[PDB]
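**Student:** Partial complex follows, first chain(s) only, in situ:
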Amino acid sequence: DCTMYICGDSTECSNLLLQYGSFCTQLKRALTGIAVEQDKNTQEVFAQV
């Protein structure tokens, strides 16, 4: 959770973090790509029957 890792609970921080653009969107997109591939890795090795 980008907002909870950086800021952490505080709410005055959230308005400041929005000023850096879409860095938190990039982190979620990048990690989702990994998360989807790791299940496909397993299906390709074992689900051959």
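**Tutor:** Structure received. Residues are numbered from 1 along each chain as shown, chains lettered A, B, ... in the order given.
**Student:** neighbouring contacts of the top helix by length along chain A?
**Tutor:** Secondary structure assigned by DSSP state H gives helix A:23-46 as the longest helix of chain A. The contact list for helix A:23-46, computed with CB atoms under 8 Å, 6 or more residues apart in numbering, reads A:2, A:3, A:17. Using the backbone N, CA and C atoms, a C-beta is placed for each residue, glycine as well.
**Student:** Distance check, the residue nearest the centre of chain A against residue A:45.
**Tutor:** The residue lying closest to the centre of chain A (CA atoms, centre = their mean) is residue A:28, at 2.5 Å. Distance, residue A:28 to residue A:45, using CB to CB, to the nearest Å: 27 Å.
**Student:** And for residue A:1?
**Tutor:** On the measure of CB to CB, residue A:1 and residue A:45 end up 31 Å apart.
**Student:** please slot chain B in as well:
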Amino acid sequence: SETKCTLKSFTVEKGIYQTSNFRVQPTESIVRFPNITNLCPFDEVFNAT
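**Tutor:** Placed with the earlier chains, chain B looks like this:
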């Protein structure tokens, strides 16, 4: 509608689409402290004869 605003599209194909995030919120301020003691005699200077 939150999913459509996350994707920036009006058509959402099938699958899990990680929208927001969540997190219950605190609801107090319990500020415990050490039962004070040495509590000065400001009276010495404020109540001299």
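**Student:** The contacts of helix A:23-46 again please, this time with chain B.
**Tutor:** A:2, A:3, A:17, B:18 (CB atoms under 8 Å, 6 or more residues apart in numbering or on different chains).
**Student:** show me what contacts the second one?
**Tutor:** Okay, so that is residue A:3. A:14, A:17, A:24, B:21.
**Student:** Would you pull up the residue in chain A closest to chain B?
**Tutor:** Nearest residue of chain A to chain B (CB to the nearest CB) works out as residue A:1 at 5.8 Å.
**Student:** check contacts around that residue.
**Tutor:** residue B:21.
**Student:** next one: residue B:30
**Tutor:** Contacts of residue B:30 (CB under 8 Å, 6+ apart): none.
**Student:** Show the contacting residues for the residue lying farthest from the centre of chain A.
**Tutor:** Residue farthest from the centre of chain A, counting by CA atoms, centre = their mean, is residue A:49 at 33.0 Å. With CB under 8 Å, 6+ apart as the criterion, no residue contacts residue A:49.
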